[PDB]
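Read through the structure below, which is laid out as structure tokens, and then see the notes.
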Amino acid sequence: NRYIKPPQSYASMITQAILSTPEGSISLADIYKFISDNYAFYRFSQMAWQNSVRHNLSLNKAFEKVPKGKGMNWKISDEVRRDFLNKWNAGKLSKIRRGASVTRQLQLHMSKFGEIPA
DNA sequence: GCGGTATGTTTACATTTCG
DNA sequence: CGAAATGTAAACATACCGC
Ligand SMILES: [K+]
């Protein structure tokens, strides 16, 4: 059973993990599990993808620690969530792709569930 | 009390993306 | 093409855990 590294970006998989929870907040440990559950490649891969995940959570503006026991929880920032909701309800979004990896996951979750968790 | 591990920040360079 | 974004590696801080 061979597995290939999916082309999805780390920020895209993280956004997916946060939107999967009912409260829109999730711990690093559960983000690891979500990735291994939904993308089998990372379940058995030896590379240090967790280092890259942590790098993306801290550096990407869209991800923000919530006070919320080893680690705290992560959610989508209020600025990025409020911004998307305003653009979503004000009309179609631009077809631009550069840097919209998080925006696309919000678009998908919104078109299926009608709301971004919080 | 200490060693060990998990979480989080930050910097640097390589690689891919896409107007 | 190339600025911007993402990928990968690394140094190191901070907190937690189990004894
Ligand atoms: K961040």
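Quick note on labels: first sequence line is chain A, next is B, and so on, each numbered from 1. Scope of the values below: all heavy atoms of this structure, side chains included, with no hydrogens, waters or symmetry mates.
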Would you kindly compare A:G99 and A:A48 by the position of their nearest DNA chain C nucleotide and give the one closer to the 5′ end?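 Closer to the 5' end of DNA chain C: A:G99.
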What residues, two or more places apart in sequence or in another chain, satisfy side chain to side chain contact (heavy atoms under 4.5 Å, CB included) together with A:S58?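 Residues passing side chain to side chain contact (heavy atoms under 4.5 Å, CB included) with A:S58: A:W74.
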After noting the C-alpha distance and the side-chain angles of A:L106 and A:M110, does the key distance pass the side chain to side chain contact (heavy atoms under 4.5 Å, CB included) rule? CA-CA 6 Å; A:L106 301 180; A:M110 184 62 100; 5.9 Å; no
If the condition is ring-ring contact (aromatic ring centres under 6.0 Å, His included), which residues does A:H55 pass it with, not counting sequence neighbours?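 So A:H55 forms no ring-ring contact (aromatic ring centres under 6.0 Å, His included) with any residue.
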ring-ring contact (aromatic ring centres under 6.0 Å, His included) partners for A:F41, two or more places apart: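 For A:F41 there are no ring-ring contact (aromatic ring centres under 6.0 Å, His included) partners, ignoring immediate neighbours.
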Carefully, step by step, assess A:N1 and A:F44 under the rule side chain to side chain contact (heavy atoms under 4.5 Å, CB included). CA-CA 11 Å; A:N1 46 4; A:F44 307 109; 5.6 Å; no
Scan nucleotides 2-14 of chain B nucleotide by nucleotide, 5' to 3', and note B when protein non-hydrogen atoms come under 4.0 Å of the base, S if they reach only the sugar-phosphate, - if neither. ----SBBBBBB--
Steps toward side chain to side chain contact (heavy atoms under 4.5 Å, CB included) verdict (A:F34, A:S20): CA-CA 9 Å; A:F34 183 95; A:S20 65; 3.3 Å; yes
Residue list, side-chain hydrogen bond (donor to acceptor under 3.5 Å, both in side chains) with A:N56, at least two apart or on another chain: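 A:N56 satisfies side-chain hydrogen bond (donor to acceptor under 3.5 Å, both in side chains) with no residue once adjacent residues are dropped.
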Contact boundaries on DNA chain C for chain A, cut-off under 4.0 Å to non-hydrogen atoms: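 The protein-touched segment is C:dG2 to C:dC17.
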Would you say A:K87 and A:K92 make side-chain contact, with heavy atoms under 4.5 Å?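 No, their side chains stay 4.5 Å or more apart.
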Does a nitrogen or oxygen in the side chain of A:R98 sit under 4.0 Å from OP1 or OP2 of B:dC18?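 Checking A:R98 against B:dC18: no side-chain N or O falls below 4.0 Å of OP1 or OP2.
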Check A:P117 against A:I18 and note the closest heavy-atom contact, atom names and distance.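 Smallest interatomic distance, heavy atoms only, reads CG-O, 4.4 Å.
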Nearest-Å distance once atom P is located in both C:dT8 and B:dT10: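 Going atom to atom, P in each nucleotide, I get 22 Å.
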Any side-chain hydrogen bond (donor to acceptor under 3.5 Å, both in side chains) involving residues 3-16 of chain A? Give me the pairs, sequence neighbours left out, ordered by first then second residue.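 Non-adjacent pairs meeting side-chain hydrogen bond (donor to acceptor under 3.5 Å, both in side chains): A:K5-A:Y42, A:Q8-A:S12, A:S9-A:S101, A:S12-A:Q105, A:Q16-A:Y39.
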Starting from Watson-Crick (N1-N3 plus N6-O4 or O6-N4) and G-U wobble pairs under 3.5 Å, report the runs of at least three that DNA chain B belongs to.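 DNA chain B stems, ordered by first number: B:1-9 with C:11-19, B:11-19 with C:1-9.
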